[PDB]
Amino acid sequence: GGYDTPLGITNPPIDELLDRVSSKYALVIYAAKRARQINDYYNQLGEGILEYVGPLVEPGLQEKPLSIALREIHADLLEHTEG
Amino acid sequence: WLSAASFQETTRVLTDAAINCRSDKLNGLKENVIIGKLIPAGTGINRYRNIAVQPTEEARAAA
Amino acid sequence: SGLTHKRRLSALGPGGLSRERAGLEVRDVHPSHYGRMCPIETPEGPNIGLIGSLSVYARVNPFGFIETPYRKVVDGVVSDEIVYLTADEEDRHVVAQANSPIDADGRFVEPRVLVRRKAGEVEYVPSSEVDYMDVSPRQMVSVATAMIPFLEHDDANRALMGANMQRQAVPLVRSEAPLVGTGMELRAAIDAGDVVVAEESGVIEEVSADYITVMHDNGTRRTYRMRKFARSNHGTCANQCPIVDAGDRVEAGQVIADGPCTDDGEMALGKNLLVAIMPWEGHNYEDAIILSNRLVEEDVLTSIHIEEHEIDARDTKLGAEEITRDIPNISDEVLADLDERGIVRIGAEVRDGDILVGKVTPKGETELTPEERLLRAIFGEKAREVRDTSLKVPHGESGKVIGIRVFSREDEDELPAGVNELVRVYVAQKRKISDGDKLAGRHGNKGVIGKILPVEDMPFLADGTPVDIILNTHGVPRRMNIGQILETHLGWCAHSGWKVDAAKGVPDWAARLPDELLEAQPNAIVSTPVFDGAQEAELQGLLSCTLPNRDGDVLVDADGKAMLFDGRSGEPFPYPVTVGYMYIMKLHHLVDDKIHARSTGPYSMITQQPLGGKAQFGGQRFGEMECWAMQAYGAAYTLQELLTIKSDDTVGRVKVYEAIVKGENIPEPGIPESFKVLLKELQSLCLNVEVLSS
Amino acid sequence: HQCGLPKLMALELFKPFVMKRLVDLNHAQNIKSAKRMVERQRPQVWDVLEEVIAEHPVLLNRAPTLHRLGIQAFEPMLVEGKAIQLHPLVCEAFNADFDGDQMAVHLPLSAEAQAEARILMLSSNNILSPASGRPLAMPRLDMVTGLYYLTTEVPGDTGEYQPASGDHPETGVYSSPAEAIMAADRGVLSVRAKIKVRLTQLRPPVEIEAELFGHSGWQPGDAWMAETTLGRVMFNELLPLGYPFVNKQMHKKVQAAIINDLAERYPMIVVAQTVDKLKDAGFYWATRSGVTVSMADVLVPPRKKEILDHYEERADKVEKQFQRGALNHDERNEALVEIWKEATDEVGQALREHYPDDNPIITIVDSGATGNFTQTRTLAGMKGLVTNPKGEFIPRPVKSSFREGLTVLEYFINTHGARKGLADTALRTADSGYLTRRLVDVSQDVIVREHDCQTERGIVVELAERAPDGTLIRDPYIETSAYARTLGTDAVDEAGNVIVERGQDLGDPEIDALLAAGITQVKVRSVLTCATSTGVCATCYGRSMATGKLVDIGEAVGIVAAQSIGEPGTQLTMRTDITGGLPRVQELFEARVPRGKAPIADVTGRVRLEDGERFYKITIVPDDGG
Amino acid sequence: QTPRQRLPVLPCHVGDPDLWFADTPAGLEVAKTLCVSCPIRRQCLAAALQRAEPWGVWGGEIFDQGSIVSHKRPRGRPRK
Amino acid sequence: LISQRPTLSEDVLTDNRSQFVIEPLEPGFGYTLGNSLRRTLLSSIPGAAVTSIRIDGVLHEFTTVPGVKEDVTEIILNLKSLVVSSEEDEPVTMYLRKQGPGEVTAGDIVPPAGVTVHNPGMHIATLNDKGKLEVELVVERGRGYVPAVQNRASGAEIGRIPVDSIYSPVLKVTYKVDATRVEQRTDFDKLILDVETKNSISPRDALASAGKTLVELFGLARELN
Amino acid sequence: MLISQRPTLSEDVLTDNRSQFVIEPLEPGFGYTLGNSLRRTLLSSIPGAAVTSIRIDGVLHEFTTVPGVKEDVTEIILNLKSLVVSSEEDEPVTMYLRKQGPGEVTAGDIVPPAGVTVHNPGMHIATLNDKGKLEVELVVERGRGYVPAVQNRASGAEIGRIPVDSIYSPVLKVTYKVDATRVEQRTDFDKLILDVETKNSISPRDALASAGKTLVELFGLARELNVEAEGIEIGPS
Ligand code: SF4
Ligand SMILES: [Mg+2]
Ligand SMILES: [Zn+2]
C-alpha cells in the first residue's frame, strides 16, 4: 500500500480498486452505468428531481462524470449484483 | 453458416443451408461483428451486462 | 532526381510481365550486370529489382543491347584502343581488373592477376591470357550511387537506402556545396540541363536577376531568360540566379547560372553541419535527431513550397455560375482582400479557410418551411435564391500569393465544354525546419527531428562553438554504415585544414598521397571518389596534423574525438566525444503534408462510409487486425461503437452529434446499414431470410 | 500513461465538445458562431480546449497491428508542434522506430467506451506480454547502456576502499550515501569505486538480514554496513522500499528477472512508477557514459594475415588437388566451404581475445543493448562467406572487413545476399499474415464460459528429470511448460505428506518446494481435458499471463492464442531436404504429410537393420507373434 | 468569463421586455431613459424610422402607429 | 575557512573581445558560475534589429527588382546580418536612396536620430545602370529571438514585408577554470571568462547587463523573509 | 524591459527538516541556469562546523579494535562523523569526553566548553561493556563545503591524532528538476522544483535565504562594473 500518489488518469489505483469487484469487465460496466446515472442527474436538475440522485462524493471544479463514478466506487459507496 | 460463408463458395454455402433450413445461433465472434450486435465475449456476456447499480442505503441518508 | 528518372530501366508494362508474374529469378543480380546495370539502386518497396538504373559508362547498341567500354591490353602491354563490348563477347574473352598495378608504360607487375571469367568466376591467370582491362573502377555503379563518399565501407542495404533517399531532397534557399564528395558532381549537374550553360565563348555585357546578355566574339548577342520561382511538379521552387559579373569572359561550356540545387556549378543538396555522436538524454532514442536553434535563426534549412489551387465555372441546369465580389451573407471583413471581379489581390497574405475566389451558383428555388418563412418575415432579408461555392484555402496553408492565372471560354482559350472561366491561384509558403521533419545523411542514416533545443544548452567545444546536431551511437554498429564516421573525420580535417610537416622529408603514410594534398587552407574542399578513395592510414595521418583555429588550439586530438562541455549543467563530459563536419539534407516527407484529422466531413454515395484521403477530410481505415485486437482485449462496446455509429448508422450519427452538442448521454446504437443491405440482397436472391425471436 | 498531441489535430478531433463548452461559457451564443470561431481559431479556444481535453483517453495504433498490444489507450496532453510525442518505453510493444513511421489516433465517445479505454487498454496496465509473461516495458538499448555503466564495478578506480593500516585508517568508508554523493560531486570519488557505506533506508539481502536481525529487521529504521559501490546504491534507491538489496551488475537478463519478480510480488502502479524512474536514471547515466564510435575505436586483430596465410595454404592445396583431377567439383566446393568456415571462426576468436572490455562497441554488445558478435566480426575481421541467389555458398570468399573497405568484386558478391534478404523479409511478412488469418478463423470461438469443469483428468509434466548419478538438474523447458498451470492432483514426496494441494497456481515457491522434495511427475489440470460443452472452464486455463492472476469468465483466449502464435513471424530463418523454418510450422497446423517422411515403429522388440542397394529396406521383428 | 459581444451592455434586452411596451407614460419613462446608455441609438432609431413602427420604445423613443411621438397623453381630460 | 571574497578583474584582447577573471571561489563552483553567466549572456541581452522592410517596386517576397543582380529574398538574407543600435523603444524608420550603376553597401543607409549602423562595409546588392532601389526599414528594440510577425497581425498594406529579427549583440562566450586544489586544503577555482560580441556594445556592457538580470532574479529567492 | 510574469515561491514540508520548494514560473530556459547554481551554492556556501580529527587512548597504531568497547574503530569513527554541532571560535576548539564502567555512551555524555552546541544528545556513539573506560578528545573547527580527511603532514606533531573526513555544510542532499507549463498562453515557461533536506542544525528556509544572499553578492560583483546598463526587470510584489 505504499507508492507515490497517483496523478492524472491513474487515480485511484486499479489494483486497489479491483478488490471491490470480481473482474475488470464487471468493474467497467459498474463504472459506466454509474456515470450514465450521474450525467442524467446533472442534465435533469432544472425541473423536479428524477429517480437518480447525485454525486455522493463532492466533485472538483470540472470533473468528468466517469472519474467521479470511479472515485465513488473506490469510496465504497455503491452496491451491485451481476446478471 | 453465416460465418462459414466468409471463406469460399458463398453460393454453395448458402444453397445447401437453404435446403436444410439451417438456423444460425449467433454464438461465435465472427458473426456478431457482421450484424453489428455486441460480441458474446468480454463485456458482452449476460453476467456483465445486466448489472444493476444503486447507492447503498447507509450513504443514501447522507445525501 | 530529374536526371535519374531518365536512364531508368523498368521491367513491367505492356509487352512485359506484371508484378504477380515476377518470379524470384528475375529480381536477382545475374553476374552479367557488371557494367550494364547498377546492382545497388532499386526502389525498396514491392518493386525490388524490377526497376533499375543504367550504369555510368554504358551505351546502347543499334539493336538495343547494352555495351560497355574496355581497354584492349595486348600481350601484357595495356593499349588505349577502347573497345565497346556486349555480354556475349564479354563471355567469350578474359577480363582483367580495374586497379591492376601497371608499370607506368603498359607492362603489368605481378604475374597472377585478378580475372573475371565466362561463368562469373574469379580466378588467377598468368598475365598473357588477359586481353581486356577495365577502363576505370566504379564502372558497376549508377549515377546517384557514384556520389556517396566512402561507398566501399558500407553495407548494400544502407547504401541502397542512401541512394534512394538522395532523390528526395528539397531545394533550399542558400545551397552550400559539400565539403567532401566525389568528383562526379559537376558533370551530373551540367548534364542534368537545369543549369544555364554558355554556348559560344564571349564577354558578358549585362547581367540582371533575370537575363544575361552575353556578347559573342563576332558581333552577335544572345539573352538568356531565367525562371524566377516557377512551380516544380511536386511543389518546390525552381529559381535560378546568375553567378557572373559584367566584365568577365566566358568560354563555350562554362556554367553561367546556378539552378535549384547548385552552387558554382556543382551539385549541392544540403548543408555542412557540425555533429557529435554521443547519446543525449533520451531525446535521440532509436535514431531521432536533435538540432540547435541556429538552423532556424540563420535560415540554414529553409525550403520554399508553391501550391496551386484551381476552380472553374461550368453551366448548370438551373442557369450559369458566376464569379463576383457579392456572395451570400458574409460580411465585408472577408471582402477586405478580394479584387473588383472576384479573386484576391497579388501579395495578399492568406490564412486557413479564407476566400480565394468568390463564386456563387444558381441553386434555383425550393419550398419554404413555415418557420423559415416566419423568421424571414421577422428579419426582412433577401430570399437568397443562389448558393455559394467559393474556393477556399484548405487546412493549415498560408503564405503569400504569387500569381493568378485566369482562362476564359469567352477569351478564346481551350476549355472543357460548359466551363466558362477557369482560374488558378499560386500560394507560396516559406517553410522553416521543424520537429516532425525528416533529415538524412548520405549513407542512409535518416531520422525525424526530436526536439529543437535553444542554442545555449547545446554542448560546445573548448572554443565556445556549439554543435548543431547530435546523432546517436547505438545506430552505427548494428547497421554497419561506418562510412558516416570516416566521412565525419575527413569533414573535420577538410574544415580545419592541414599541413603535413615535411621537415625530414615526406612521412611514411603520405607515399601514395599526391602533391598538393600535403597542405590545404581551412574550409577547403576535397573529393574522394567512390571505389578508389582515401585510405584509413591517410585519414589517421591527416588527423594528426590539423593546424589550429585562432589561438594555439587543436580542438580535436589524434583519435578524432574532442572534449565537450555541457551547456545545460555546466561540467564537462567525463570522456572525449567524436565531433566533425557531416553533410545532411532535408527530405520531402514533411509533416504538414501528412498530418490530417477528421471530426465529421463528407460521405460516400453508394455506401455510407466516410470518405478517404487527405485532400478532403478522410477517415482512417479500421482493419480486421484491429478488430482482432479489440476482440482480444475484450472491449465489446468500443468495437460495436466503431462499427455502428461512427461509420454506418446514418440515422444514428446525427443523434450522436446532437447528444454530444446538447450534453446528454450517448444513445444506444441501432442496426447498421451494411446489415440491412445484406438482408435486402438475400431477400432479393429468393432466400426467405427471417429473424427469430423465440 | 501520457502521450503528446498536436493542437491543430486535437482541436479538429474534439470539435463538438469544444463547441458545447464555449457555448456554455458564452463566448459564442450559437452553434454556427461557435463553428466560425473554431474555424478562425480565435485564442480563447485553447483555454477551453485544455479543460475539455483533460482526463479524456484516446487510442493509438500503428499499422500493421500484429498482436494484442498494438492498440493502447493514453491520456493526451497538449504539445505545441506537429508530431505525436510518445513514451520511449512503449515503442518495443508498438514495434515502432522513428524513421518516419506513422501512428493513427481514434477517439472513444460513449461513457462505456471511455470506461473501457480507461480501465482495460490503459498503457500503464499492460506491462507483461500475454504470449510469454516476460515484461514489455523493460528498459531497452539506451537506458540499458546507462544502467550497465552505472552498476558496473571497476577495480583500481579513484578513492577505493583499502584496509591499508598501521599508519592510517581505511579511508574508503562513508557514513551515508548523502556523504558519498557530496564526495563524488567533489573531485574525490568516482561512481564505480568500491566503498563501505552505512545504509539505513535500504533493506539488506536475505542472508545478511538473517545474520544480523534474524527476522525482525524493519529497514525503515535500522542501520547496517555494505561493501557495494556508490552506483549500486544510487540505482537501488529507485526500487521500492520493501525490495531487498541487489548488489549485482545490471545486465539485461538481470533487469528482466528484477522486473518480472517485481510484477509478481507488487501491484502494477508500483511497477509503473519503478520502471519510469528506471528510464529517467538510465538516460541520465547513458549520456555520461562516453559511448562513441570513432575509427580509433575499431581495432583490427593483429594476427589476421597469419591466420589467412595458414588457411590459404590448405585452400591452395585443395584447389591443386582438384586441378590434378583427384576429386570432383562438389567435393572441391565442400572442402573449401569447410576451410573458410574454420577460418572465420578462428579470426572471430582472435578478435574477441584482442578486444579490451571497456571498448564502446564491445560494451554495447556485451550489455545486451543491441546486436550480436557477428556484426562486430564483420565490422572488423572478415565478412566470411556470401550466399548465392539460389542459396548455396560462394567458395571465393570475402577476406576483408568494412573498416579496411571492400573491393569491387567483393561488393558485387555481397549484393546478392543483401537483395535476397531484402525481398524475402517482405515475403515472410505476407505469409505470416496469412497464417495468423487462418489461426484466428479456426480458434475464434474458444472463450471462457464456466468457472470449474470439475473433472479429474489431466496431462503430466516432466519437470527436471533425475540424473543418472542422482540429482535434480532443472529442466530448461519449465517456464513454457510447467509455470502457470493449476495442479490436477496433489504431489506427495516418497509416500509421505503432500507438499502442494490441488488448485494451487504453481508459481516459483511451489516449484522450489517440489524440487526440494524431489519429484518430477506432477499431473497438472489443463485444457485438452476440459469437460465443458463449448469453450473452456476458467480453472483449467490457469494463470492468465497478462494479469498475473486467474482469468475472468469472459476472456477471448482463442484470439489471444492465435495472435501470440502468429506474431513471431518475420524472425523465423529456415537454415543455410527437410523443412525447418516457418513453412515447417505451416504444414504442421495443416497437418499434411511432410516431405521428410521418416517412419515410426508399429510394435516393440528387436529389429532387423537391413539395407539393399541405393535405398534401404528394414523389417521389424514382432514380439506379439503377429 | 463571457467575453461575448455588447449584448449585456445593450440596454434593450437587459430586463423584462414587456416593460418596453408599458401602458403608462410614466411606466415607459424608465424604458426611454434606459436607452440613454445605448451604443446603437442612431442605427436603431433610423431602422425604426424607416420601417414605420406601430408601437413601443424604439431608439430610446416611443412610436405611434405611424410615426414619432413627443409622449402620449394619459387617460382623461388633457390639462391647460 | 577562507576569509576572502572574489574580485572581478578584467583583461582586453581586442576592441570587441575581452576576458574576465574571477578569483577565488569555492571548489566545484567555477564551472557552474561560468555556465550560468554564459546562458544568461547568450539569450537575454536587449538589442535592436530590423523588423520589417518595404521596397517600392515589389509586392511580396518572391519577385525581382528591375535592375539588380540579386532578388528580394537574397536582399532579405543579406539584410538579416545588419547590426543597428537604437535608444528609444519605438519604431523608427531609415531609408536607402540609390540610383544608377555601382554597389549598394550598407553604409548608404541614412539613419534617423538615435540609431546607427556599425558595419558600413557590408555588401547588400549590386546595381547596373538601369536599376533603381528605394527601401525603408523599421528598427525595434527587444531581446532574444522573435519569428516573423505576420502582416495580418498588424493592419498594414500589401507592401509591408516582414522579416524575423535577431537582436542579441553577443556572439561566442566560453570559459575555462583552473582548480589549484592542493593537499593543504587551500583549494579554490579561477574562472576565466571570454566574451566576443558583434561590434554593437562592449563586452563590459554585455556582462553588466547579464549581472544585473541575475541579481534582480535572485533578489526574489533572497526575499522570502 | 519587463519579465512579463513575476516568479513566485512556495515552500512545503515533508519532515521536520525536509522541505520541497517550487519556483514558478520562469522565462524559457532559466530553470537550469538558476537551479544548478542554487544547488551548488546551497551545498558549498553555508558555514557550519564538524569534527576534524580525534585521538583515543590505548590505541596508537592498532586500528583494529579498542579494549573495553564492543564495536570497531571504524564504527566509532563513522558514528562520530555524523554528529551535528555548531561553533563560534574560528580557531580549532578542542573537546573531551570520559566514561568508565558498563553502559551506553550517548552524544550528551560529552561536556561542551564555550561556543560549541551539540544539537542532539540522544544519539548512540558507543556501548562500553564490562568495566571498560573510554576517553576521547575531539577537534572541532568551523568550515564550509566538504573537505576530505586532511593528510597528516604534521605527523611528527601527533601520532594518535587520526584525521577524519568532515561534513562542514549544514545541508545534506539537494535534488532538482524542471517542467514545461503553459506552452501556448505563456509560451513554454518552466517550473523549477527544488528539494532540500538538511540536518537539524538549521532549517531549509534560512538555508535558502543564506544561499540567496551569497549568490546575490557574487553576481553583484559582476553587476557593479557598469551600473548604467539595461537588463530585465521584475518589479514589486
Ligand atoms: S430601442 Fe434604444 S435602447 Fe433599445 S435596442 Fe434600440 S437603440 Fe438600444
Ligand atoms: Mg520505421
Ligand atoms: Zn476444464
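Here goes a summary of the coordinates provided. (Residues numbered from 1 in each chain as written, not as in the entry; some residues may be left out. Chains lettered and ligands numbered in written order. Part of a larger assembly, values for the part shown. Heavy atoms only, no water. Residues with missing side-chain atoms left out of burial classes, pairs and counts.)

Some thoughts on the interface of chain A and chain B
If you look at the interface, chain A gives 18 residues, while chain B gives 16 residues. Summed over both partners, the interface of chain A with chain B comes to about 1600 Å²; 62% of that surface belongs to carbon and sulfur atoms. Of all residues in chain A, the largest losses of buried area upon contact with chain B belong to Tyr25, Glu79 and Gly83 of chain A, amounting jointly to 30% of the total for that side. Counting every contact that joins chain A to chain B gives one salt bridge. Taking the shortest distance from any N to any O, the salt bridge between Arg47 of chain B and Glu82 of chain A comes out at 3.3 Å. On the surface where chain A and chain B come into contact, there are nine residue pairs in polar contact. (Contact = heavy atoms within 4.5 Å. Buried area = accessible area lost by both parts, 1.4 Å probe. Salt bridge = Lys/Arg side-chain N within 4 Å of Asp/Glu carboxyl O. Polar contact = N/O pair within 3.5 Å; in protein donor to acceptor, adjacent residues only side chain to side chain.)

As for the coordination of the magnesium ion (ligand 2)
Residues and elements named next belong to chain D. Those protein atoms acting as donors to the magnesium ion (ligand 2) are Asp97 (OD), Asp97 (OD), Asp99 (OD), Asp99 (OD), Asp101 (OD) and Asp101 (OD), and they sit at 2.0 to 2.2 Å. Around the magnesium ion (ligand 2), the six donor atoms are arranged such that angles at the metal cover 41 to 157°; this shape is classified as irregular. Each donor residue of the magnesium ion (ligand 2) belongs to the same chain, and together they define the spacing D-x1-D-x1-D. (Donors = N, O, S within 2.8 Å, 3.2 Å for Na, K, Ca; no water. Tetrahedral: all angles 85-135°; square planar, octahedral: opposite > 155°, others 65-115°.)

With respect to helix α1 (residues 31-44) of chain G
The terminal C-alpha atoms of α1 of chain G, which comprises 14 residues, lie 20 Å apart, in line with the 20 Å expected from a rise of 1.5 Å per residue. Counted residue by residue, α1 of chain G has 14 buried out of 14 residues, so it is predominantly covered. (Helix = DSSP H or I, 4+ residues; strand = E, 2+ residues; numbered from the N terminus. Expected span 1.5 Å × (residues − 1). Buried < 20%, exposed > 50% of the residue type's maximum accessible area, 1.4 Å probe, protein only.)

Side note on the site of ligand 1
Neighbouring residues of ligand 1: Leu10, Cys12, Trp20, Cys35, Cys38, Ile40, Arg41, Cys44, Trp58, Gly59 and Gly60 of chain E. Of the residues in the shell around ligand 1, the class split is eight nonpolar, two polar and one charged. (Near = heavy atom within 4 Å. Nonpolar A, V, L, I, M, F, W, Y, C, P; charged D, E, K, R; others polar.)

Some remarks on unusual backbone geometry
With an omega of 0°, the peptide bond running from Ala63 of chain D to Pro64 of chain D counts as cis. Following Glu23 of chain F, the chain continues into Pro24 of chain F via a peptide bond in cis, with omega recorded as -5°. Relative to the assigned elements, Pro24 of chain F resides in strand β3 (residues 17-25). In this model, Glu286 of chain C sits at a positive phi of 55°, which is unusual for a non-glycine residue. With respect to the helices and strands, the residue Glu286 of chain C is situated in the loop between β20 (270-276) and β21 (289-291). A positive phi angle, close to 55°, is found at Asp299 of chain C, a residue other than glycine. With respect to the helices and strands, the residue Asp299 of chain C is situated in the loop between α5 (294-297) and β22 (303-304).

A closer look at the sheet that holds strand β32 (residues 421-428) of chain C
Residues and elements named next belong to chain C. If you trace the three strands from one edge of the open sheet to the other, you get β23-β32-β31, paired in antiparallel fashion. With one partner strand each, in any of the chains shown, β23 (307-313) and β31 (400-408) form the two edges of the open sheet. Averaged over neighbouring strand pairs, the angle between their axes works out to 15° when direction is ignored. With seven bridges joining them, β23 and β32 adopt antiparallel strand pairing. Its bridge partner being in β32, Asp312 is matched across the sheet by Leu422. (Pairing = 2+ DSSP bridges. Axes fitted to C-alpha atoms, helices over the stretch in contact; angles between N-to-C directions.)

Re the coordination of the zinc ion (ligand 3)
All names here are of chain D. Taken together, the protein ligands of the zinc ion (ligand 3) are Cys453 (SG), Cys530 (SG), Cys537 (SG) and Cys540 (SG), with distances of 2.2 to 2.4 Å. Each of the four donor atoms around the zinc ion (ligand 3) contributes to a set of angles spanning 86 to 146°, which defines the coordination as irregular. As a motif over one chain, the donors of the zinc ion (ligand 3) read C-x76-C-x6-C-x2-C. With a gap of 10 residues between them, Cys530 in the loop between α18 (508-517) and α19 (538-541) and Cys540 in helix α19 connect regions that are remote in the sequence. The same class applies to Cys530 and to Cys540, which are both buried.

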